[PDB]
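Undergrad: Structural data only, the sequence is not supplied:
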RNA sequence: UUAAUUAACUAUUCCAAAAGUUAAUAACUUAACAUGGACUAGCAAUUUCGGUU
RNA sequence: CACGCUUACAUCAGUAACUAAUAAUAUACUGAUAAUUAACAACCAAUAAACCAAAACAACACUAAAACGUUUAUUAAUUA
RNA sequence: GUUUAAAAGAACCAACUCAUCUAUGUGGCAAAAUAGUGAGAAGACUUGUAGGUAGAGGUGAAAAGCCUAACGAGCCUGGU
RNA sequence: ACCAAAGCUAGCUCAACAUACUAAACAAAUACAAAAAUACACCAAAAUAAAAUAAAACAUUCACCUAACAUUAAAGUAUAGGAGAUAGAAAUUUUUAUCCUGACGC
Ligand SMILES: [Mg+2]
Ligand SMILES: [Mg+2]
Ligand SMILES: [Mg+2]
Ligand SMILES: [Mg+2]
Ligand SMILES: [Mg+2]
Ligand SMILES: [Mg+2]
Ligand SMILES: [Mg+2]
Ligand SMILES: [Mg+2]
Ligand SMILES: [Mg+2]
Ligand SMILES: [Mg+2]
Ligand SMILES: [Mg+2]
Ligand SMILES: [Mg+2]
Ligand SMILES: [Mg+2]
Ligand SMILES: [Mg+2]
Ligand SMILES: [Mg+2]
Ligand SMILES: [Mg+2]
Ligand SMILES: [Mg+2]
Ligand SMILES: [Mg+2]
Ligand SMILES: [Mg+2]
Ligand SMILES: [Mg+2]
Ligand SMILES: [Mg+2]
Ligand SMILES: [Mg+2]
Ligand SMILES: [Mg+2]
Ligand SMILES: [Mg+2]
Ligand SMILES: [Mg+2]
Ligand SMILES: [Mg+2]
Ligand SMILES: [Mg+2]
Ligand SMILES: [Mg+2]
Ligand SMILES: [Mg+2]
Ligand SMILES: [Mg+2]
Ligand SMILES: [Mg+2]
Ligand SMILES: [Mg+2]
Ligand SMILES: [Mg+2]
Ligand SMILES: [Mg+2]
Ligand SMILES: [Mg+2]
Ligand SMILES: [Mg+2]
Ligand SMILES: [Mg+2]
């Protein structure tokens, strides 16, 4: 006895079946697509081919992403897409010596960052690379909207992105009811990331949260059979009246 | 040592363990430590009068049976509400906004023995 | 599972409350302190180390109370004394010559004149003479007498410079604090606690001291008569 | 941020398949430490008259500490992006005339 | 002073609200619809449950100042 | 309601009558209705066992039909 | 353990990171956390005890 | 009596054989039928305050400082 | 129970707790027993119920003892 | 002559197809000490794979070792190895549907 469908596609079959299929197709494709994250720890190489310094011949060199671990505490902050590097090393930088397991952790910082779109100061545990990415993107909300999920790797960042996208799509007057001119000035400088409302509330959602939201949207009480019977009787009476 | 196949009952335990066999509670504990029984929790067996009831626990063997026809919602509707609804529609007094006069109930919390929460035992 | 502490009592109570001792066991369950356990059943008497504590905030002036009775306390080495002030009683640490039916004063008024130092008096360090013996001293104004409490132990006030009190502890170390730290003048009761002679091994089991292990361990570098210089003066004045 | 590199080379897989990693492929060497490299300067355009940096409408390079703790949170300066640089350019063009 | 309360034995403070509750203008997706806990969802904050019908035995105790005999001048009984 | 207990199985959990809501009951709160990351292995094992049972039952039926056909050549 | 390789953790110390302070590029401090690289010791981790006699 | 085993307990019938370390027969096997009835026991108030002062015939004491309790005000569905 | 102003980690000696010596037993009554004979027996005492400390460890009035009949470090499964 | 021996069946094993994968029973009770209807909450947790083998030892290393891309070749090639044991690609090539499935398996 063997499995007709391998175990590697059971998740895809569960997505194409069940209530997972009733999800919006844009969210389904956003979850299906697998973009390689940006190199955060490993230093990548430029060209695909390289001359072997010992053999003096061309050989194809492929970049291998180093597996990184994200602790659950990283989801409460914005570490810029990094985490714990679990690996091995050779003490004294000598191969002939012993092998020692090592856990490299990023230097965490308790920092307060102010956002323009939401107008709130969040005390987020960010790191130096996070601050450098912010200053490179020239704005906190700019960085949030430009870096995708594969680069953020933070549920907090995804929630920030979804919230600010919903605000930009709905044009919430609650931002500055006292200064509509300032509200419009803030909204105009982010008009390149405008996403319609049909998709602005399906970016920062996980699988279980999306399933729960779809269940809440599809939850309806069962219609009593008396209504169906009365409808059928009215239809039959109309047919009998028109056939005469 | 001990057993794991027999059912864990009230007799296989110490004094501090007294599990009920499955009876339904009929009250609570009072003030001085006694048990106060509530007359609203005890089942009031509603038994009718069987004096002028002309029916026996058995039937005549010569009596013929009937075809197995389970009662369904459509047949119940056709027997109960269809005539009145058809008469009202023929007369022109049919109202899709109010169907309570035909037997339909909007909610269940209005009457005593509701159907979905199943307030009555039997 | 994890053990729960017995110290769940927010309200102050004059009557002794019950306590559950634990011999070297932390909240985990492993032995962390060797040589504790198997003691006699003891109660706990709540002690208010904050001496100057007014009953009502309306009249924060210095107040006088009367000693009721000096009893023994099994938790610590010193003897406790119940003192009533206003409408409430409290257990405090009795001084050397504190007897039944005595007067205790609690004041915080600092004055240019030195105040007569009694035994029951509780005045700030700045108002006391420069050569007195005190006990139950404090660290910060309004923190609590965490320091000397043992029977017979007493520190000595050395000098007061630039609004700052300097004391010498029983460990011959200097402690620099603010002059608003309330302290009790005199020596602690039961000055003969060191002269006691445990008659038999049973008294240690009664007090709750299990015997040491029998593993013969060779002496290391730690052993020997080390003559160390006196540690520096410990200061609590947060200088800007 | 730490930068690590593998000791043993990983065999190639050019048909879109994932590389077949092994136990010995976890041996990492710390080839570079980002926090130890010389820090760069942050360039910002002032929106007010700062005593230390200069007058309003000037681009200055300050250290990242002050740039992230003093100028941006207090609104004393904004980023040097071209979108905000165009505003300062048009302000200078309108100022130098009248 | 010295507070007579112990942090380990006191009632613990409720956990910090999830990061979804700090997003202005966004309804968090909780497990209040399934009437049971599931990991990955947000913590639903429930309103103060009010027993519309007064139950004698299982209700809270009314305050001292609510009673009609409550007076300002304290009496030493 | 169709619930998924800690054992990975799908059960039809009935509802009980309670005077308090679901978020204030001590007995109902400490119940777990979800699958842990260690239960998928046992779920797959049970699936494999049931598939094996069905497969060997099918093989038994097939062989019994073969035996009956070889015993009664009425065709 | 005075054998050969040297872990993780805990108490030292130093440097880098971060928070900052002064003046016309320069000097200085680290409450509780807290990362990486070096230093001193415990707790210790793996391995072995050449052959003819 | 508490803890633990659950019918091995009681009546009738049989033991050629099965269990008793052997016979007789039978509380220890077989088959059938019945059984332990609550007053004893289990579960069977909180909310704040007044409450320092040992049990040892406890008069009153020693040190190793000692388990075991009432009253007051508001709420404890009220009905074999 | 007796001596004792004593409930003195006092003394004689019961229930009780250990196991000094000898004799049977060594596939025995018993995978540690019986008989005779011993020490403690108001305390560093025995014991009922219930909870905790779990093996790179727990615990230990150090025997390298005990951790469900084999402990120089328990048992089961997996690598096998 | 006792004790005794003999049946051919219950059924399994290997695969191919395959709906597309936690069967049926779920009246009431079932994570209080499971099958106990019934009261003011609490709910959750991750942190590399190790060695037993080989190198006649054993420290760097030792295919798989419960992670998908399959097959014909390149090829056991380049390479990685106390350069020892051993490990080991890639670029680039081939693969035409269905039924004909039962058993030189007990
Ligand atoms: Mg058993
Ligand atoms: Mg019982
Ligand atoms: Mg019993
Ligand atoms: Mg009754
Ligand atoms: Mg004492
Ligand atoms: Mg003590
Ligand atoms: Mg000693
Ligand atoms: Mg010794
Ligand atoms: Mg290929
Ligand atoms: Mg050495
Ligand atoms: Mg060793
Ligand atoms: Mg090793
Ligand atoms: Mg060794
Ligand atoms: Mg040798
Ligand atoms: Mg030899
Ligand atoms: Mg010789
Ligand atoms: Mg038995
Ligand atoms: Mg017989
Ligand atoms: Mg019988
Ligand atoms: Mg004696
Ligand atoms: Mg001897
Ligand atoms: Mg004997
Ligand atoms: Mg004799
Ligand atoms: Mg004797
Ligand atoms: Mg003697
Ligand atoms: Mg006696
Ligand atoms: Mg070892
Ligand atoms: Mg050990
Ligand atoms: Mg020894
Ligand atoms: Mg020895
Ligand atoms: Mg054993
Ligand atoms: Mg090994
Ligand atoms: Mg070898
Ligand atoms: Mg060999
Ligand atoms: Mg291996
Ligand atoms: Mg080399
Ligand atoms: Mg060699």
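TA: That came through, no problem. Numbers count the residues shown, from 1 in each chain, chains lettered A, B, ... in the order given. Ligands and ions are numbered 1, 2, ... in the order given.

Undergrad: which stretches of the chain form helices?
TA: This is for chain A. Shown for chain A, the helices assigned by DSSP state H span residues A:10-16, A:25-32, A:128-137, A:140-146, A:149-152, A:155-170, A:180-188, A:197-200, A:207-218, A:225-242.

Undergrad: ah, I was thinking of chain D
TA: Counting by DSSP H, the helices of chain D are D:64-66, D:82-95.

Undergrad: got the contact list for the first one?
TA: Just to be clear, that refers to helix D:64-66. A:131, A:135, D:39-42 (CB atoms under 8 Å, 6 or more residues apart in numbering or on different chains). (Each C-beta comes from the backbone N, C-alpha and C, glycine too.)

Undergrad: Nearest to RNA strand I, out of the helices of chain A?
TA: With CB to the nearest atom of the strand as the criterion, RNA strand I lies closest to helix A:10-16 of the helices of chain A, at 24.0 Å.

Undergrad: Just want the residue of chain A that's nearest chain C.
TA: Scanning chain A for the residue nearest chain C gives residue A:72, at 22.2 Å (criterion: CB to the nearest CB).

Undergrad: right, is stretch C:64-78 up against RNA strand H?
TA: Yes: in this structure, stretch C:64-78 sits against RNA strand H according to CB under 7 Å from any atom of the strand; the contacting residues are C:68-69, C:71-72, C:74.

Undergrad: how about CSV for the helices of chain D, with distance to residue A:42 and mean neighbour count added?
TA: Written out in CSV, the entries for those read as follows (distance: least, CB to CB, whole Å; neighbours: other CB atoms under 10 Å in any protein chain shown):
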stretch, distance to residue A:42, mean neighbour count
helix D:64-66, 24, 13
helix D:82-95, 32, 12
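
Undergrad: Please compute how far stretch A:119-134 lies from its chain's middle.
TA: In terms of CA atoms, centre = their mean, to the nearest Å, the centre of stretch A:119-134 is found 18 Å from the chain centre.

Undergrad: Would you mind listing the buried residues in it?
TA: Residues of stretch A:119-134 classed as buried: A:122, A:124-134 (neighbour count, 16 or more other CB atoms under 10 Å in any protein chain shown).

Undergrad: Pick the one among those residues closest to ligand 2.
TA: residue A:125 (56.0 Å; CB to the ion).

Undergrad: just checking, the closest one touches residue A:77?
TA: Yes: the pair formed by residue A:125 and residue A:77 meets the contact definition of CB atoms under 8 Å, at 3.5 Å.

Undergrad: Name the residues contacting each of these two.
TA: Taking CB under 8 Å, 6+ apart as the contact rule, residue A:125 and residue A:77 both touch residue A:108.

Undergrad: With residue D:7 as the reference, measure out to the residue of chain A found nearest ligand 2.
TA: Shortest chain A-to-ligand 2 distance, computed as CB to the ion: residue-wise this is residue A:208, at 45.0 Å. If you measure residue A:208 against residue D:7 using CB to CB, to the nearest Å, the figure is 39 Å.

Undergrad: Return the set of buried residues in the helix ranked longest in chain B.
TA: For chain B, the helix that runs over the most residues, judged by DSSP H, is helix B:82-91. Along helix B:82-91, the positions that meet the burial threshold by neighbour count (16+ other CB under 10 Å) are B:82, B:85-86.

Undergrad: gap between it and the chain center?
TA: When C-alpha coordinates are averaged (CA atoms, centre = their mean), helix B:82-91 and its chain have centres 32 Å apart.

Undergrad: cool, stretch B:38-45 as well?
TA: A distance of 15 Å separates the C-alpha centroid of stretch B:38-45 from that of its chain, computed with CA atoms, centre = their mean.

Undergrad: How about stretch C:70-81?
TA: What separates the centre of stretch C:70-81 from the centre of its chain is 11 Å, taken as CA atoms, centre = their mean.

Undergrad: Is there any residue in that stretch that contacts chain E?
TA: No: contact of stretch C:70-81 with chain E is not found when judged by CB under 8 Å from any CB of the partner chain; the minimum separation is 15.0 Å.

Undergrad: Residues contacting that stretch, please?
TA: Everything outside stretch C:70-81 that qualifies as a contact, by CB under 8 Å, 6+ apart, is C:42-45, C:47, C:67-69, C:82, C:91-94, C:98-100, C:149-151, C:188-190, C:193.

Undergrad: Neighbours of residue 11, how many?
TA: Let's take chain A. For residue A:11, the neighbour count with other CB atoms under 10 Å in any protein chain shown is 11.

Undergrad: I was thinking of chain F, sorry if that wasn't clear
TA: Residues contacting residue F:11 under the criterion other CB under 10 Å number 12.

Undergrad: for residue D:4, same thing?
TA: For residue D:4, which is what you asked about, the neighbour count (other CB under 10 Å) is 20.

Undergrad: Repeat that for residue C:191.
TA: Residue neighbour count, defined by other CB under 10 Å, stands at 14 for residue C:191.

Undergrad: Isn't it up against residue C:152?
TA: Yes: A contact is recorded between residue C:191 and residue C:152 when judged using CB under 8 Å, the distance being 4.0 Å.

Undergrad: Flag every buried residue along stretch B:58-77.
TA: By neighbour count, with 16+ other CB under 10 Å as the criterion, the buried positions of stretch B:58-77 are residue B:77.

Undergrad: Endpoint to endpoint, that stretch covers what distance?
TA: 32 Å (CA to CA, to the nearest Å).

Undergrad: near chain A at all, that stretch?
TA: Yes: figure legend: stretch B:58-77 in contact with chain A (CB under 8 Å from any CB); contacting residues B:73-74, B:77.

Undergrad: which ones among those are found in helices?
TA: For those, the ones inside helices are B:73-74, B:77, with DSSP H as the criterion.

Undergrad: ok, those vs chain E, which is closest?
TA: Closest approach between those and chain E, by CB to the nearest CB: residue B:73, at 29.2 Å.

Undergrad: Buried ones in whichever strand or helix holds residue F:28, by neighbour count?
TA: Using DSSP states H and E, residue F:28 sits within helix F:26-29. Of the residues in helix F:26-29, none are scored as buried under the neighbour-count criterion (16+ other CB under 10 Å).

Undergrad: Check which element follows it along the chain.
TA: Downstream of helix F:26-29, the next assigned helix or strand under DSSP H and E is helix F:40-71.

Undergrad: when you scan stretch A:47-54, is anything in it near RNA strand J?
TA: Yes: judged by CB under 7 Å from any atom of the strand, stretch A:47-54 comes into contact with RNA strand J through A:52, A:54.

Undergrad: and whatever residue of chain D ends up closest to RNA strand H, what does it touch?
TA: Among residues of chain D, the one nearest RNA strand H by CB to the nearest atom of the strand turns out to be residue D:73. It sits 45.8 Å away. Under the criterion of CB under 8 Å, 6+ apart, the contact list for residue D:73 reads residue A:114.

Undergrad: Look up how far ligand 2 lies from it.
TA: When CB to the ion, to the nearest Å is applied, the distance between residue D:73 and ligand 2 equals 71 Å.

Undergrad: Next one: residue E:69 from RNA strand G, what distance?
TA: Distance of residue E:69 to RNA strand G, given as CB to the nearest atom of the strand, to the nearest Å: 50 Å.

Undergrad: you'd agree that residue is in a helix?
TA: No: with DSSP: H, G, I helix; E, B strand; the rest coil as the criterion, residue E:69 is coil rather than part of a helix.

Undergrad: ok so, going back, nearest to RNA strand J, of the buried residues of stretch A:119-134?
TA: Within the buried residues of stretch A:119-134, the smallest distance to RNA strand J is 15.5 Å, found for residue A:125 (CB to the nearest atom of the strand).

Undergrad: May I have the beta-bridge partners of residue C:88?
TA: With beta bridges defined as DSSP bridges, residue C:88 has these partners: residue C:85.
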